[PDB]
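Below sits a lone chain in structure tokens, taken as the form deposited in one PDB entry.
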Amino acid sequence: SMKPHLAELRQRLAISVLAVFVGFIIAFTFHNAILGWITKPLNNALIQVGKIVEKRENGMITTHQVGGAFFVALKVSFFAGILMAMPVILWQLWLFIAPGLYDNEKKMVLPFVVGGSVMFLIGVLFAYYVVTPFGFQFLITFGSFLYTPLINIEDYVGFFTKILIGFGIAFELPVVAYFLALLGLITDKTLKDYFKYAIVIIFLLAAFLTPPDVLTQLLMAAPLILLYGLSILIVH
């Protein structure tokens, strides 16, 4: 079958794996700084909530697994290495489809991917420096009068990574909408007419990106619906 078009795939996968490995090595070397950067907002929120509680009249970052600290460091290093290997990942991916983009889309793809990457990084920065500091406090002050916030790093790392990745994508979808609309392939009629069908797939997509609970499925589908409406408005 597709035997001749396999050696290039093997080479691309091999070099991508090597890049991920070197990224993991660098990230585990700098894991202290990376973990400090990840945990700074949580520490600031804990200090602010503690000051509020003291003014009204403890909190700390814990680990609930024996190998929890090592596993968290390894996971953060692996994620950073994958992110650090993203440029070479795209180097391998784009070079794979060499003849597909003959002459025009070959030049149209580069601005699209550049814009997508820059908007993803700006979304991650916005989520880290704006949304999180004013949100984490609200997530802790809500239960500060009933419970004690002993936040484990094992779940906090996953929560923070999910928030950052989602907000990066949340700032990418209304840029791919812009690219597709300005390209002229899709107009307002196409998105307006195909509204009901979206109601399904989003609820399906929100079903695959969440724990099995129904409530969190709805809580993920709602922002996706808002983003769909935002794109609908954006098409011009």
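Take the two forms, find the largest set of C-alpha atoms that superpose within 1.5 Å, and that set is the rigid core. One rule holds for the numbers: they count along the sequence shown, beginning at 1.
This protein has a second form, the form deposited with a partner chain bound, left out of what is shown; the following refers to that one.
Checked against its partner chain in the deposited bound form, the candidates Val114, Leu90, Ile97, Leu121 yield a single residue with a heavy atom inside 4.5 Å, and that residue is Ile97. When contacts are judged by a 4.5 Å heavy atom cut-off, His5 counts as touching its partner chain in the deposited bound form. The residue that stands out in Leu125, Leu139, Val118, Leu101 is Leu101, the single one whose Cα moves by 2 angstroms or more between the shown form and the other one on a rigid core fit.
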